[PDB]
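What follows is a short report on a single structure.
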Amino acid sequence: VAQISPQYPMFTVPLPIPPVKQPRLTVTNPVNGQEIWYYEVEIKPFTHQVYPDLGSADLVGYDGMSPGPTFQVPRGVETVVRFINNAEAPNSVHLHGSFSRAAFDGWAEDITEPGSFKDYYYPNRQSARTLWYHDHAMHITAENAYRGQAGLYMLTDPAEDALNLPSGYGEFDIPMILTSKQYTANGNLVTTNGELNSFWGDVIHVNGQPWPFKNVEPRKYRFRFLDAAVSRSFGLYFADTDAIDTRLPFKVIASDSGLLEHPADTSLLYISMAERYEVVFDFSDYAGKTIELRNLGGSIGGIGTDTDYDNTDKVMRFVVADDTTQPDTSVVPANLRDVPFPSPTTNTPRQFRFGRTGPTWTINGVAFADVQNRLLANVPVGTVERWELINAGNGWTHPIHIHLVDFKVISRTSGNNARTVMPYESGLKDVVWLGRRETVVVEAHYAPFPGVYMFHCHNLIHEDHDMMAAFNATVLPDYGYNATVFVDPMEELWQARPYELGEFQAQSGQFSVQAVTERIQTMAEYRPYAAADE
Ligand SMILES: *[C@@H]1O[C@H](CO)[C@@H](O[C@@H]2O[C@H](CO)[C@@H](O[C@@H]3O[C@H](CO[C@H]4O[C@H](CO)[C@@H](O)[C@H](O)[C@@H]4O)[C@@H](O)[C@H](O[C@H]4O[C@H](CO)[C@@H](O)[C@H](O)[C@@H]4O)[C@@H]3O)[C@H](O)[C@H]2NC(C)=O)[C@H](O)[C@H]1NC(C)=O
Ligand SMILES: *[C@@H]1O[C@H](CO)[C@@H](O[C@@H]2O[C@H](CO)[C@@H](O[C@@H]3O[C@H](CO)[C@@H](O)[C@H](O)[C@@H]3O)[C@H](O)[C@H]2NC(C)=O)[C@H](O)[C@H]1NC(C)=O
Ligand SMILES: [Cl-]
Ligand SMILES: [Cu+2]
Ligand SMILES: [Cu+2]
Ligand SMILES: [Cu+2]
Ligand SMILES: [Cu+2]
Ligand code: NA
Ligand code: NA
Ligand code: NA
Ligand code: NA
Ligand code: NA
């Protein structure tokens, strides 16, 4: 249907690459002698000329950019991020794909108001994967993410570097953060505030930039795909501008939780809100050609209900040079890793129905705000459980995200006979798309930390009002590991704290080297992640 947003100079701006986020300093952990990387991120408003000939867009973003700066953290190193709210609305940051403790996981009610900050303590022990950090505050997640609070967080492993995949952030390892938004006639953003069904958007962005291009060499590149849209699911494929309907083959090497066992040969990649898929595409056969990254119409080939606009078929253009400056020395191994699948269970699965109770998106008839009823499962730490995630509807789709765990996709049924499990769903994931009349069974090890965590639809509109619930990963009184201060997300010890803007800008008071050091060392003494020492 007709584009609403003003006309855009398609494919004339280079793909922006988000700068790497650098820690301010390191703090010696008095428990294990090791350095903790400490960072400071300031949430704050800014403007961006999106359309060159019109007014500007009002955004609010981590370090006043969008997308957020990219974190690059090696397994083994613990990090503390101080997220400082200097905006006009509260925040709650969730590091998606990290088994953070409940109070550092971005619980929706665990907000930081403007004029406050919170110290997030992260383990970085899991399999190398593409995480992302984004807002998760109650009722306002959609608008906070839409206005720029999402960013990449790369967890790296020397062991994976030996696979010799295309490499170098910004070089031959390119982030591909997808979003879909709408613009007023003067090039400002059309707000999500008030939308209750779904906010599709008619302008496709990669890394913050509408319909860009990138000059690439005829060799192999690693693409880290993130669907950071509020509501738009994609069906991604590559095509020569000479043969715009003819899909070029590629390899999917990683899902949400890391590498697959083996590259999945693919020419169409379904990707819904909050899914990460890492792709290697070889441009060597297309020297001198232009390859368009494109999006499937017909509501993602009838899997979805998403509205399609004039140019939502288009994502970006790669302009391929005649030669490489240097030889492509990278490979894509047949065998990537041994995926740590959970031990199968024959325990009878729990059922969760993603539907509508009146005007409200619900889980098993319950809305997240209904505190009395929103705790839908107690699961003893260490248990494997199967959860049957059921979309009965033909008029909505739901990418379901379960915090804490990595899970395996066991099965998919479709009431429209559309599909079952995809080859790129062969690995470990933390989000799964319930397409039209789809029911999916997933299997997860509820481990290794006790605490109350969220699960929900990752359609941010549906998520806000109000398709979100909670599980408690429980332990018995004899357990230890300081679990008493770490199962309640609202725990006082970990709550946001006020700051004066002058302290922060001068790096004094609470922000002195000495005070940061006192704070981190104290946090580290509680030993948040001891139970995952092997
Ligand atoms: C998510 O799941 C977690 C478990 O992983 C739940 O947390 C547990 O909740 C129970 C109930 O609150 C806790 O048990 C209670 O402990 C409290 C204090 O215990 C300590 O201090 C007392 C003195 O005050 C000592 O005697 C004791 O040994 C401990 O050192 C008390 O409030 C409770 O005592 C009363 O209830 C029991 C129940 O039978 C009686 O036996 C007692 O005599 C007494 O009448 C109780 O023992 C447990 O400690 C919690 N665990 C952790 C790790 O925090 C979460 O509550 C759950 N969350 C949600 C939202 O459901
Ligand atoms: C659970 O968390 C608590 C609280 O942080 C841990 O107890 C604390 O352990 C640290 C050691 O890491 C103690 O440090 C102490 O410093 C003082 C100097 O003032 C010194 O006198 C002591 O010899 C020691 O080095 C700290 O006192 C202690 N805090 C309390 C309140 O006991 C505890 O280890 C954690 N338990 C687990 C299993 O993780
Ligand atoms: Cl750039
Ligand atoms: Cu998320
Ligand atoms: Cu998450
Ligand atoms: Cu949904
Ligand atoms: Cu979440
Ligand atoms: Na920065
Ligand atoms: Na401000
Ligand atoms: Na070739
Ligand atoms: Na886990
Ligand atoms: Na302490």
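What you see of chain A is 39-572, where the numbers are those given in Swiss-Prot.
The backbone N, Cα and C atoms fix where each Cβ goes, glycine too.
Taken from Swiss-Prot, the feature Cu cation 1 binding site covers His132, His439, and the record attributes it to similarity to another entry. Per Swiss-Prot, Cu cation 2 binding site is recorded for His134, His172, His496, and the stated evidence type is similarity to another entry. For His174, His441, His494, the entry in Swiss-Prot reads Cu cation 3 binding site, with the evidence type similarity to another entry. Swiss-Prot lists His436, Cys495, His500, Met505 with the feature Cu cation 4 binding site, giving similarity to another entry as the kind of evidence. Positions annotated as domain 'Plastocyanin-like 1' by Swiss-Prot: 98-194. As annotated by Swiss-Prot, domain 'Plastocyanin-like 2' applies to 404-526. Feature annotation from Swiss-Prot assigns N-linked glycosylation site to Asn510, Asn520.
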Point to revise | Sequence-ordered recorded positions from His134, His441, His494, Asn520 with Cβ under 6 Å of an atom of ligand 5 | key: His134, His441
Practice item. For the recorded Cu cation 3 site, whose residues are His174, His441, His494, find every other residue on that chain with a C-beta no more than 8 angstroms from the centre of their C-beta atoms, and list them by sequence position. Key: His132, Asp143, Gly144, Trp145, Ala146, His439, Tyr491, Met492, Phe493, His496, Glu501, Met506
Check your understanding: When the domain 'Plastocyanin-like 1' (98-194) is classified with DSSP, how many of its residues are helical, how many are strand and how many are coil?
Key -> 10 helix, 44 strand, 43 coil
Review point. Within 10 Å of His494 (Cu cation 3 binding site), Cα to Cα, which of the recorded positions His132, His134, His172, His436, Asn510, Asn520 are there?
Key: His436
Exercise for review: Work out the three-state DSSP category of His436 (Cu cation 4 binding site).
Suggested key: strand
Review point. Going by C-alpha distance, which of the recorded positions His134, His174, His439, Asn510, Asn520 is nearest to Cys495 (Cu cation 4 binding site)?
Key: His439
Practice item. Between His441 (Cu cation 3 binding site) and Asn520 (N-linked glycosylation site), find the distance joining the two CA atoms and give it rounded to the nearest Å. Key: 21
Practice item. Enumerate in sequence order the recorded positions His134, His436, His439, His441, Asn510, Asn520 whose Cβ-atom distance to ligand 11 is under 6 angstroms. Key: none
Point to revise | Secondary structure content of the domain 'Plastocyanin-like 2' (404-526), with strand meaning DSSP E or B | key: 11 helix, 54 strand, 58 coil
